[PDB]
Amino acid sequence: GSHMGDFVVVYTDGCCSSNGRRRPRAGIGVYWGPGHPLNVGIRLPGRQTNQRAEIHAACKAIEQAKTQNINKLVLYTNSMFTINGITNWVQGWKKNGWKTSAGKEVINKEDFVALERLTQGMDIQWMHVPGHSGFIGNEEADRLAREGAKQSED
Amino acid sequence: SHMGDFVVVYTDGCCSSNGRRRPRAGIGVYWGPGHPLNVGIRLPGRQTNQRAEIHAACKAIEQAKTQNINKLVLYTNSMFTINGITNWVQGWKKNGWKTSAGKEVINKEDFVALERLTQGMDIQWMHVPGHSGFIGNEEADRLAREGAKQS
RNA sequence: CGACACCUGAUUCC
DNA sequence: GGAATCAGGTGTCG
Ligand SMILES: [Ca+2]
Ligand SMILES: [Ca+2]
Ligand SMILES: [Ca+2]
Ligand SMILES: [Cl-]
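Deposited coordinates in this entry are attributed by the record to X-ray crystallography, at a stated resolution of 3.20 Å.

Below you can see the structure in the form of structure tokens.
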């Protein structure tokens, strides 16, 4: 199980097939290690978009971890939108009604709020991993996030 | 009706055993039975599918040059090379070669060199659906493999 | 404008 | 069931 000095490692990823198209199918994915018992591939409730799938993949992780009574983790992801939110954009947003830099409702509020609710007491070390750059951890989490939005066909 | 004016040529580029044990790509260009210019050498460089399939078009016309031929019909199954040369290049030339997604068009170095030889020359690209018609393809296609074997 | 993603479609190969 | 690669489009924020 990947660790990094008392910081248990974890990769997360979200996906949303047909994002911005008629019927969006979106799922969350979180990989803790090979054949690891915490590796989830859930489907994302409600709104179907990559952005929330992505930040919610991260929620699942934290949510999971707490249950495993782990307080500090190095959570990798390829979502800058999530990282930038959770560690910058949010703070501001709170002090001003969650209004975008163009003066309008911070769209993914509900999502970030949840996510921030969970950073509480946790010492997350948000790390970013490149796209299809070949990093296992991320590709296995990607793998998972799809099986989470599986078609149900077969 | 009308006369006749060009020469035909089939071209194929292949990339092997995906994994690591390998990734051998070969070029292969056919001009007809036993014809001298028929050749199927190995692809020099970053061994890949697309890339080979392109340079495999360079050699073609490049030899077309070494024959003072001014216009041919080039056959190929990859409409990446085709689309690339018949369209996406002018665009790439008017955008510092940026993928219609912000990043850099990887085979610029290739599509560049290719557009070079296209100079003065008049190529009429012909795409052929896999398992197309005309043995011509199965033949170039065959040298490719033979090429990929050389060191 | 920029940035990180999420896709849809194509063509070939095996 | 990918790897090659591209076009076109959304998700969202500075
Ligand atoms: Ca992602
Ligand atoms: Ca992904
Ligand atoms: Ca071929
Ligand atoms: Cl013929």
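Chemist: It is not clear to me how the packing of helix α1 (residues 50-67) of chain A against helix α3 (residues 109-119) of chain A should be interpreted in this structure. Could you clarify?
Modeler: Residue and element names in this part refer to chain A. Here α1 crosses α3 at 20°, and the two axes come no closer than 10 Å. Judged by the inter-axis angle, α1 sits roughly parallel to α3. In terms of crossing hand, the pair formed by α1 and α3 is left-handed. Taking contact as the criterion, the partners of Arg52, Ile55, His56, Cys59, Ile62 and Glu63 in α1 are, on α3, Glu110, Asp111, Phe112, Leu115 and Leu118. Partitioning the contact of α1 with α3 into residue classes produces six nonpolar, one polar and four charged.

Chemist: Looking at this structure, how should I read the coordination of the calcium ion (ligand 3)?
Modeler: Four donors placed tetrahedrally about a metal ideally form angles of 109.5 degrees, and six donors placed octahedrally ideally form angles of 90 or 180 degrees. All names here are of chain B. Only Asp12 (OD), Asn77 (OD1) and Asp141 (OD) from the protein reach the calcium ion (ligand 3) as donors, at distances of 2.2 to 2.6 Å. Between consecutive donor residues of the calcium ion (ligand 3), the sequence gaps follow D-x64-N-x63-D. In this pair, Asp12 sits in strand β1 (residues 7-15) while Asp141 sits in helix α4 (residues 135-147), placing the two residues 129 residues apart along the sequence. Taking the relative accessible area as the measure of exposure, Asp12 reaches 5% and is therefore buried.

Chemist: Got a minute to help me understand the sheet that holds strand β2 (residues 25-30) of chain B in this structure?
Modeler: Each strand in a sheet pairs with another by means of backbone hydrogen bonds, the pair being arranged parallel or else antiparallel. All names here are of chain B. The strand order across the open sheet built from four strands is β2-β1-β3-β4, with neighbouring strands paired in mixed fashion. Each edge of the sheet is formed by a strand with only one pairing partner; in this case those strands are β2 and β4 (122-127). Taken over all neighbouring pairs, the strand axes of this sheet differ in orientation by 25° on average, direction set aside. Alignment of β1 against β2, held across six bridges, turns out to be antiparallel. From the neighbouring strand, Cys14 faces β2, where its bridge partner is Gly26. Where helix α2 (residues 79-93) meets the sheet, it contacts β3 (71-76) and β4, and its direction lies at approximately 140° from that of β4.

Definitions and cut-offs
Residues numbered from 1 in each chain as written, not as in the entry; some residues may be left out. Chains lettered and ligands numbered in written order. Heavy atoms only, no water. Residues with missing side-chain atoms left out of burial classes, pairs and counts. Axes fitted to C-alpha atoms, helices over the stretch in contact; angles between N-to-C directions. Helix = DSSP H or I, 4+ residues; strand = E, 2+ residues; numbered from the N terminus. Parallel < 35°, antiparallel > 145°, perpendicular 65-115°, else oblique. Left-handed = near helix turned anticlockwise from the far one by under 90°. Contact = heavy atoms within 4.5 Å. Nonpolar A, V, L, I, M, F, W, Y, C, P; charged D, E, K, R; others polar. Donors = N, O, S within 2.8 Å, 3.2 Å for Na, K, Ca; no water. Buried < 20%, exposed > 50% of the residue type's maximum accessible area, 1.4 Å probe, protein only. Pairing = 2+ DSSP bridges.

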